[PDB]
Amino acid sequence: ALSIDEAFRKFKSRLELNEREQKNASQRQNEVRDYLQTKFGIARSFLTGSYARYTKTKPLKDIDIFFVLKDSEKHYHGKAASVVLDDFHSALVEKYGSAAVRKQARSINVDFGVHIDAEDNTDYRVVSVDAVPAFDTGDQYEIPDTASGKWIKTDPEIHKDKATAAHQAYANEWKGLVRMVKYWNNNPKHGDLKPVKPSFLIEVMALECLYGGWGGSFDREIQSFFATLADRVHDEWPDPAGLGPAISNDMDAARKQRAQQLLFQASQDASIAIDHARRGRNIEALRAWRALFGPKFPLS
């Protein structure tokens, strides 16, 4: 039978990136870049966001791709945010169609319509990308923002550095704990609205909410991680880069209240699974973890 430690190691492995997935992200990048280069002056592109930090969970959705505009395109930098986004959205619709392409605040999501099965498998294919028009202003980048109407500054290296520092300070178990909790955050059992919004806020909070070091047991770590997240999701969570507004500003007070309850319920469910394990009821423990996380958590 599966021990609890073995089930979590297997769950962790399932949330790690394999070669075929990485190849598919590169290929999707080259596809969208080659198409957008025919319609915009685009100097280069790179994968960024949680995907590049290895804190993105499965299935791989909303992979951020910065599309660095050439000097010929500098007129967009003076125009409002919606101008560049609308033009990107319009070019992308022409190729991928209306249903697959959605304007967002700082990007255009392109959905490749891959089949996602009940256990979140996609035959190692990425589900979608976030296409982000960007100017390289020297040490950082500026990207459109429709909440502001204007261009905002962002520095992906800072988030990358803080993630690796947290990881190294948690015996290289930090990023995996983040991916597991994000997997729970994406469970369709919560409905159409995630408990925590945006997903990046889980990572931002984990920079402080995972502290001390790795205890060595996934089940107790997950339980305490949920309990701490519940206690602190009402705190202010500024941008760790110090370049934009706090990451905790997207949820209103009612949404934050649901977040705390769902995080608290996750801690209770996790406590129930721990009690089962402690009392020798191992199948029952696995089943409780499966109900918490979803089908990717193994029963065998």
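All residue numbers refer to positions in the sequence shown, first residue = 1.
Set 37-45 against 23-31 and average the Cα temperature factors; 37-45 ends up higher. When the two stretches 70-78 and 122-130 are set side by side, the higher mean Cα temperature factor goes to 70-78. By the numbers in the PDB entry, the CA B factor is greatest at 211 among 226, 183, 211, 174.
Looking at 164, 90, 199, 187, the one whose CA carries the top B-factor in the deposited record is 90. Among all modelled residues in its chain, residue 247 ranks in the middle third by Cα B-factor. The deposited CA B-factor of residue 278 belongs to the highest third of values across its chain. In the PDB entry, a CA B factor belonging to the highest third of its chain's modelled residues is recorded for residue 17. For residue 195, the recorded CA B-factor ranks within the lowest third of the chain. Only modelled residues enter the ranking. The entry lists a Cα temperature factor for residue 241 that places it in the highest third of the chain's modelled residues.
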